[PDB]
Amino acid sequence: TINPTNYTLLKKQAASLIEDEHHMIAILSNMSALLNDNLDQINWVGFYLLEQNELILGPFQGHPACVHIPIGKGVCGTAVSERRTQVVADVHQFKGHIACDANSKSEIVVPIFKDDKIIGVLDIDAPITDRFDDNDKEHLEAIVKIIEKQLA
């Protein structure tokens, strides 16, 4: 059972923990908390930042995670190499999953852009399979757009 999220109001709330803020780390830290507090059936939510040609762990809500993820490897790295959101119904069956993805049963990763360049990703993992659908994808991408506008 997956309790639904009122994404319409969530977008407005996100705009708050973002507006008038220019410290990216603070924005990402608070955003990870906001999403964690409003999404049911998830076990990890946070960000990875592209630094020195690899993904580096940023602010998140959940258990400790791998710090480095290569571009093109793992669910997160693949989101970067494909330059598009990844909605994974079953991580164990995802072509390219790595040991660092072990605790994720289903997942969604949305790339974050800045001047046509991917600067990181929003990663949300779930303890059950098929947690995310097209509706979640649309709303989460919209939330990422709000973040992008603030960081721009």
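All residue numbers refer to positions in the sequence shown, first residue = 1.
Participant: What stretch has the higher average Cα B-factor here, 55-63 or 88-96?
Facilitator: Going by the record's values, the stretch with the higher mean is 88-96.
Participant: Would you determine, from the values in the PDB entry, which of 114-122 and 101-109 has the greater average C-alpha temperature factor?
Facilitator: So the stretch with the higher mean C-alpha B-factor is 114-122.
Participant: Relative to the other modelled residues in the chain, which third contains the C-alpha temperature factor of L10: lowest, middle or highest?
Facilitator: As the PDB entry reports it, the C-alpha B-factor of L10 lands in the middle third of its chain.
Participant: Please say which third, lowest, middle or highest, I128 falls into when its CA temperature factor is compared across its chain.
Facilitator: Answer is highest: the recorded C-alpha B-factor places it there.
Participant: Using the B-factors in the PDB entry, rank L140's C-alpha atom against the chain and give the third, lowest, middle or highest.
Facilitator: According to the entry, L140 has a C-alpha B-factor in the chain's middle third.
Participant: Taking the chain's C-alpha temperature factors as the reference, tell me which third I18 falls into: lowest, middle or highest.
Facilitator: It falls in the top third of the chain.
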